[PDB]
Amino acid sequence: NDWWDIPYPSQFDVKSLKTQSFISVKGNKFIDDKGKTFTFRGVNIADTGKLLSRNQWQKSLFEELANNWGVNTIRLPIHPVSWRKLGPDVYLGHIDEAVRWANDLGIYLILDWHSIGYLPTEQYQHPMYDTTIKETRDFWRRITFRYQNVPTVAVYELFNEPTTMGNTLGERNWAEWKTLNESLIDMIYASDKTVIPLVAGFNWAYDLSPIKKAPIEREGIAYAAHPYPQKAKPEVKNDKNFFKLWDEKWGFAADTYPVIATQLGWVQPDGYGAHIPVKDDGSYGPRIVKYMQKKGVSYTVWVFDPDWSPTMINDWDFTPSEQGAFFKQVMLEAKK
């Protein structure tokens, strides 16, 4: 009504949660607050607004994943268009639901500001990802305040997929991107020092190689990787050659910092919603899992949804897709 009476914001009520360990960074590993090494293992679900539109934003979704798919983590890809469409207040109210659901089940959330493009020039792959530096800062300001001292919310993934699309969106420049990530980290750490910022490299969060010489100059962070099957292109398709290429671009990072592969997965080239870079004959599955397990790398498969591809499920009865069936058994075995 009267703009001067608009309330100041409130923080999530931590008393509403059951006891749950905080996850933290220690050297190249995540650890829980009992000191035990921890690996994020789980899935993406679709944007909250997408799920709400078909009445699929429900605790039953989290229960299925925790109880039947072996997950300890769900990644929420918050699309800026949806953040605007629902509005911050309403969107945050739904994130609160996810927090309570995850907490009840003893699982963790990665909050992902889900854009694709080059934030320093504010140019993007598609309008669903459109944002500004101002809006991006404000999202992280609001999130960090609201979820202060909440162990369930473990990771703040600052910007899903940095890319300039062959420099059509701007001139990719590591120093500039590094500085902007450091700026976001500083805002976050000023508000909550317990959360783990997750930083991505260029080429759609595939190339971490700039961190060899110029890593982000902040402690307690982890690095993202999106090792989709068609990103590495060896002439001879075997474990050794893929492993070497992955090592060069992103895997080396796990020697020094924790790494979360926050997107990975495949569909057959003639399968549902097939597109570059997610097409594969299936051999990628065992290979990427072997690689990640060798390096202790964390992961959230894309995507546990029957509409968005590559799918893990064929329907809302959770009939597994090819990749779904594969990762389900991997996660169930890892949980044991």
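The first residue of the shown sequence is 1; numbering continues from there.
Set 235 to 243 against 76 to 84 and average the Cα temperature factors; 235 to 243 ends up higher. If you average the C-alpha B-factors over 246 to 254 and over 180 to 188, the higher value belongs to 246 to 254. Per-chain ranking of the deposited C-alpha B factor places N28 in the highest third. Among all modelled residues in its chain, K134 ranks in the lowest third by Cα B-factor.
Remark: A214 belongs to the highest third of its chain, ranked by C-alpha B-factor as recorded. The entry lists a Cα temperature factor for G42 that places it in the lowest third of the chain's modelled residues.
For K193, the recorded CA temperature factor ranks within the highest third of the chain's modelled residues.
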